[PDB]
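Take a look at the structure tokens below, where one protein chain is shown in two forms, each on its own, as structure 1 and structure 2.
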Structure 1
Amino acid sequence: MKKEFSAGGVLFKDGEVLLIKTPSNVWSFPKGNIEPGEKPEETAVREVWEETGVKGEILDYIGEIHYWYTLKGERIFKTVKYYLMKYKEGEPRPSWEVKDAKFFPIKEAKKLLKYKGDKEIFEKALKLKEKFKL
């Protein structure tokens, strides 16, 4: 069993949340592997920009999710740390690794999300952002 560790962001702009559509056609949150020499917060900010071209600023830590996945028979146990972010600059645009990047009203975002962890993280992010007048 292999272990992986990523960090991502749940970024809001004027009430809407930033999402990306994966190659599998699933809408999820922008994230990436925590590279050697990076703290998870650094990874999250960098990955949001590389994947969506949007610059965000971390307001606080939201939570962590876990999931198992297989690839060509290998099994990997993956952990993703998510951070709440406020929109700073830029216009959503997909990286070469994603199909699309776009802002969605909270309501539509709820219907688009699929992964158990994403739904759980989103709910936590929503409660948490009210505190930051976001």
Structure 2
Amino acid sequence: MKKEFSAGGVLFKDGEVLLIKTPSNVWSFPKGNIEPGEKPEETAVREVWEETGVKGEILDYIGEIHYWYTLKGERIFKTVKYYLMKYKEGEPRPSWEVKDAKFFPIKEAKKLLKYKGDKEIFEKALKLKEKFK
């Protein structure tokens, strides 16, 4: 078994948040694995851009969710740190690793989320979004 380190973001663009659809047909947030020597904030920005083609700015740390899963017979413990981001540039274009990447009005996003983990993160994110905007 091994541990996996990932970081991603809840990026907002004028009342809308960036979401992606996983191979399992679940809408969640853009995230990705750490690169050698990166701090989580660095990983978060890079992976969001690579997965959605959208470049964002980190405003604050929201939280972390974790879970076990298997890949090729080995148990993997994954931890994902999430950061509140604000739109910079680019357009949503899902990489081959996600079924889709699209902006959704906050109202629309709330319902799409499945995993209680993502919903908790989004909730926290919205609250933090206030103090900043």
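Take the two forms, find the largest set of C-alpha atoms that superpose within 1.5 Å, and that set is the rigid core. Structure 1's sequence is the ruler for residue numbers, which start at 1.
Novice: Rigid core fitted, is the C-alpha displacement of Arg75 between structure 1 and structure 2 2 Å or more?
Specialist: True for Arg75: a C-alpha shift of 2 Å or more.
Novice: Following alignment on the rigid core, what Cα displacement (Å) is computed for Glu35 between structure 1 and structure 2?
Specialist: Displacement of the C-alpha, rigid core superposed: 2.2 Å.
Novice: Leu18: how large is its C-alpha shift between structure 1 and structure 2, with the rigid core as the superposition reference, in Å?
Specialist: Comparing between structure 1 and structure 2 after core fitting, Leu18 shifts 0.2 Å at its C-alpha.
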